[PDB]
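Report on the structure given below.
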Amino acid sequence: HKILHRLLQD
Amino acid sequence: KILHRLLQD
Amino acid sequence: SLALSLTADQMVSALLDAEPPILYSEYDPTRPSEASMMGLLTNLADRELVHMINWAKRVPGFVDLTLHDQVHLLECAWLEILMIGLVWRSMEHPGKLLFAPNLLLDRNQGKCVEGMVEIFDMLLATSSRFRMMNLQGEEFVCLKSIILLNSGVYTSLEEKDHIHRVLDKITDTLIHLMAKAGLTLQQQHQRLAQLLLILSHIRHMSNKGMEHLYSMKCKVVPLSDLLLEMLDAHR
Amino acid sequence: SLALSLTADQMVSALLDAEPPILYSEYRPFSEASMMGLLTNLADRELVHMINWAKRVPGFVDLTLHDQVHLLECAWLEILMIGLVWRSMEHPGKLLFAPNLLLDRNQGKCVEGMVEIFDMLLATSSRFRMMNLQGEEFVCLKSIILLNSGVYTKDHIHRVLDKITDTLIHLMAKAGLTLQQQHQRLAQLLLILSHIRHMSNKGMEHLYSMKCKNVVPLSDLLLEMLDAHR
Ligand SMILES: C[C@]12CC[C@@H]3c4ccc(O)cc4CC[C@H]3[C@@H]1CC[C@@H]2Nc1ccccc1
């Protein structure tokens, strides 16, 4: 899935 | 250029 | 010198009096293809281009520019102006785009041509956005002239400051209209901001539409020689 | 939402506090493959700070995770560009990508199609330079780009956009501009955003053709941001 989700949640 | 012409008339 | 001298109501009159007509398409309801719809829309846009060029000469200040500048402003803004006009025609047709009184298309019919769907949805969202805002025709003609003067302005010559002088004048006109509708000063600013942020999306749809158009060329109903020249200007 | 309950000054300070840092480039005259490597490396590191800057934009955390992903996927190149254009303000004819990477139009000719985007960026920075664009105005414009560029593709987002419009006028009423000068400068600033969107669409397409050209590979994050525009 998207790397953008990780950084938006971290 | 067609646009160039139509702007003249 | 005339554009700087007009008043707010004198501005609205000239723009409203300059409106091009709503053209009809060659659409025949006896026949349902992708190429048929594609050739219909490009034939309509081609005939609309002729009216837009003579409409631009009616826009205050536009004939004060050099003609190299007029070509450039139109080459960069023509699809934006076609799109905002279409979106304005479709305000009172939820879920549908009124390309012409005899050609009213919704989502499912727009999917008939590849890639058109995304642009179709963006045009619908814009028309729905104008519906919530209750956009007035006096505001529409102002926005359409702003697109003509602003889309190519960022691309010796003292003509740019004159263009920006015309642009500020159109801003005063929009504010003058909103005050007439009983808006507060805070409401006038917010509405002014909302209207101009739509032009960013209209620019976005235009860029997307222009690239789907250059692929339709390389792919097949041909386009008019005027549409190809306007398309070479973006490529 | 907490963003709407903020005064205009509390809105400015929150945005100024959220500003991402100015990053440095890696450090010879430039080849095409070398300049694109430095530019995409810099852009990739900046995207990590932009995501954390976006979470600090008032009202942005109120959105669902999906809405955050969409707004950032749409506006990421716009946001990078308005940051580059803002940095390069006091450097006419040059583009300040990093404090150790200041390029001019000739160095833009190093890469295919970079020169046209280069001139559009120089023209935007020059336009800001002539309007005396202030940092408090710039941080408002960048947040507008974040919340507006993808909203048409929502009622809360428009309420935050109105709040930023209240903040911009609030800033111009401070500088002493009259009512008429307030509509006009507000209109002039927002009209720049149409050109910034134009540059983003042009730059997004050159980035896509450089992807298939496969000169320099791109980070998976930058590729996923690029894929969202296809
Ligand atoms: C995508 C792009 C390179 C990255 C650029 C960049 C990087 C950091 C930053 O802070 C701001 C910017 C703004 C502009 C960005 C460029 C837009 C055009 C570049 N890509 C490109 C690819 C192939 C050919 C020509 C240009």
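Indexing begins at 1, ligand by ligand and atom by atom, following the structure's order. FYI, side chains are in, hydrogens and waters are out, and symmetry mates aren't considered; it's all heavy atoms of this structure. First the proteins, then the strands, lettered A, B, ... as listed; each starts at 1.
Using a cut-off of 4.0 Å between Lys/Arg side-chain N and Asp/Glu carboxylate O, B:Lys1 and C:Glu75 are scored as salt-bridged. Look at D:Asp9 and D:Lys174 and you find a salt bridge, because one of the NZ, NE, NH1 or NH2 atoms lies within 4.0 Å of a carboxylate O, short of that distance.
Annotation: D:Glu112 places no N or O atom under 3.5 Å from an N or O atom of ligand 1; distance criterion only.
Shown are C:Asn150, C:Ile147, C:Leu65, C:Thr155; of these, the side chain to side chain contact (heavy atoms under 4.5 Å, CB included) with C:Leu73 is made only by C:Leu65. Just one residue in the list C:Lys144, C:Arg203, C:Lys208 forms a salt bridge (charged side-chain N to carboxylate O under 4.0 Å, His left out) with C:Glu80, and that residue is C:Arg203.
The closest approach between D:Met36 and ligand 1 falls below 4.0 Å for a heavy atom of the residue. Under the 4.0 angstrom criterion for non-hydrogen atoms, D:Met199 is not in contact with ligand 1.
Looking at D:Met114, D:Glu205, D:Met210 and measuring to atom 26 (C) of ligand 1, the nearest heavy atom belongs to D:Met114. Closest heavy-atom approach to atom 10 (O) of ligand 1 within the set D:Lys202, D:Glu46, D:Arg45: this belongs to D:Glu46.
The aromatic rings of C:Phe140 and C:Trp88 lie parallel to each other, with less than 30° between the two planes, well short of the 60° mark.
Within the listing of ligand 1, atoms 10 (O) sit less than 4.0 angstrom from a heavy atom of D:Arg87. The ligand atoms of ligand 1 that sit less than 4.0 angstrom from a heavy atom of D:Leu84 are 11 (C), 13 (C). If you number the atoms of ligand 1 from 1 as listed, the ones under 4.0 Å from a heavy atom of D:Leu207 come out as 1 (C), 22 (C). Within ligand 1, the atoms closer than 4.0 Å to a non-hydrogen atom of D:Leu39 are 7 (C), numbered from 1 in the order shown.
Counting heavy atoms under 4.0 Å from ligand 1, residue D:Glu78 does not touch it at all. At a 4.0 Å heavy-atom cut-off, ligand 1 touches D:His206 through backbone and side chain alike.
Counting only N and O atoms by type, the side chains of C:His204 and D:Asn201 include a donor and acceptor under 3.5 Å apart.
Residues D:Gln134 and D:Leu171 are not in side-chain contact: their nearest non-hydrogen atoms beyond the backbone lie 4.5 Å or more apart. Looking only at side-chain heavy atoms (C-beta outward), D:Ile82 and D:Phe128 come within less than 4.5 Å of each other.
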